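Trainee: pasting an experimental structure with its sequence.
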Amino acid sequence: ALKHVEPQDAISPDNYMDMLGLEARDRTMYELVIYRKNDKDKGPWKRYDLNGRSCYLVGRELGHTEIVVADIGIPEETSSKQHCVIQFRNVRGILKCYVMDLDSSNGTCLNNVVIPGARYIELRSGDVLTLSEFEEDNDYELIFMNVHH
């Protein structure tokens, strides 16, 4: 249960792009694309818009009564209520996105490699987040994406 607080440079992609006077078509959009690991054939299970906020809490949301804490809930039993955060920051004029594991019970993986807790790891388009240290526990893949055109 790590205590997350937004850094001084936090900013939503929306606000960053507004300041640049860019119309919707001329922007970089961000989304979290969720796939069911058992069958990526049917396509994305869900798509999350990551533009309106500077920060998103990812965590367990079964639907199987539970208290929903996360903004982006995943039906992952091995994932924590408050598992990890996706944080946007205006780093000296460059919009950058980061993930931070909140000292979750099982851990977070970025492209199938466990990350340390309590530290921001930069995200790049195409990066795959999983909500456990080990594959066998993961049913979902959370793919961070830039979207253009």
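Mentor: The structure has been received and is ready for your questions. Residues are numbered from 1 along each chain as shown.
Trainee: residue 64: neighbour count?
Mentor: The criterion is other CB atoms under 10 Å. On that basis, residue 64 has 7 neighbouring residues. In short, each C-beta sits where N, CA and C put it, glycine included.
Trainee: is it part of a helix or strand, or is it coil?
Mentor: Under DSSP: H, G, I helix; E, B strand; the rest coil, the three-state class of residue 64 is coil.
Trainee: check residue 16 too.
Mentor: Secondary structure assignment for residue 16 (three-state DSSP): helix.
Trainee: spatially nearest residue to it (excluding sequence neighbours)?
Mentor: Once flanking residues are discounted, residue 16 sits nearest to residue 95: 4.9 Å by CB to CB, 6 or more residues apart in numbering.
Trainee: kindly report the same for residue 116.
Mentor: Nearest residue to residue 116, sequence neighbours excluded (CB to CB, 6+ apart): residue 101, at 7.2 Å.
Trainee: what sits against that neighbour?
Mentor: Residues near residue 101 by CB atoms under 8 Å, 6 or more residues apart in numbering: 2, 83-84, 107-108, 115-119.
Trainee: so which of the residues you listed wins on neighbours?
Mentor: Within those, most neighbours by other CB under 10 Å means residue 84, with 30 neighbours.
Trainee: so how far is residue 83 from residue 34?
Mentor: 14 Å (CB to CB, to the nearest Å).
Trainee: again with residue 62
Mentor: Using CB to CB, residue 62 is found at 13 Å from residue 83.
Trainee: and residue 111, by the same measure?
Mentor: Residue 111 sits 17 Å away from residue 83, going by CB to CB.
Trainee: could you do residue 103 as well?
Mentor: 10 Å.
Trainee: what does residue 137 give?
Mentor: Remark: distance between residue 137 and residue 83 (CB to CB) = 12 Å.
Trainee: same question, residue 116
Mentor: Distance of residue 116 to residue 83, given as CB to CB: 14 Å.
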